[PDB]
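In the authors' numbering, the protein residues as written are 23 to 164.
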């Protein structure tokens, strides 16, 4: 019942969101984006078996716009050392990006059980944050 320390938990899963063009921000409002998070740390359950990779995004107001989960268990002998990619898609669709100016988003990810908890929370591995900006008028075409 104490506050876990960074030295008590393993490393956190890297966060990197890029489009099909594998470019950086600002991104195009009419352009789909993909969130690619790397392991780096041995993520597993109590028994030592992979659980899942959580990845959600928060708007500028601090409201979660996106959310996803990957089944690390699928990785054979991975031990929580596999890359996790999610087809988020366009920012206006996935990140209900309803703005006419350069906005600043924030993505996060962690190896926490996908199941629901009574009230308290738990962190099996560190957490990484990745901020990205989007442009409402950058590129319309593909």
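Positions of the beta carbon are idealized from the N, C-alpha and C atoms, including for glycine.
Among all the DSSP beta bridges, which residues are the ones paired with residue 157? Partner(s): 50.
Give the single residue among 66, 131, 120 and 38 whose Cα lies nearest to the Cα of residue 51. Check the Cα spacing between residue 51 and each of 66, 131, 120 and 38: the tightest is with 120.
Pick from 148, 102 and 129: whose alpha carbon is nearest that of residue 30? Among 148, 102 and 129, the Cα nearest to that of residue 30 belongs to 148.
Which value, in whole angstroms, describes the spacing of the CA atoms of residue 155 and residue 81? Whole-angstrom Cα-Cα distance: 10 Å.
Among 160, 142 and 130, the one whose alpha carbon lies nearest that of residue 39: Comparing alpha carbon positions, the residue from 160, 142 and 130 closest to residue 39 is 130.
If you draw a straight line from the C-alpha of residue 125 to the C-alpha of residue 99, how long is it? Straight across, the Cα-Cα distance linking residue 125 with residue 99 is about 40 Å.
Given this structure, state the Cα-to-Cα distance separating residue 158 from residue 88, to the nearest angstrom. Cα to Cα, residue 158 sits roughly 18 Å from residue 88.
Which partner residues does residue 78 have in the DSSP bridge list? Beta-bridge pairing links residue 78 to 89 and 130.
Taking DSSP as the reference, what is the three-state secondary structure of residue 96? Reduced to three states, the DSSP call for residue 96 is helix.
With 16 other CB atoms within 10 Å as the buried threshold, where does residue 26 fall? For residue 26, the number of other beta carbons within 10 angstroms of its own is below 16, and it is reported as exposed.
Counterpart residues of residue 55 in DSSP-defined beta bridges: Under the DSSP definition of a beta bridge, residue 55 partners with 41 and 111.
Since residue 36 and residue 60 should fall inside the 8 Å C-beta cutoff, what is the C-beta to C-beta distance between them, to a whole number of angstroms? The Cβ separation is near 4 Å, so the contact holds.
Counted within 10 angstroms of its Cβ, other Cβ atoms place residue 113 as buried (16 or more) or exposed: Residue 113 comes out buried.
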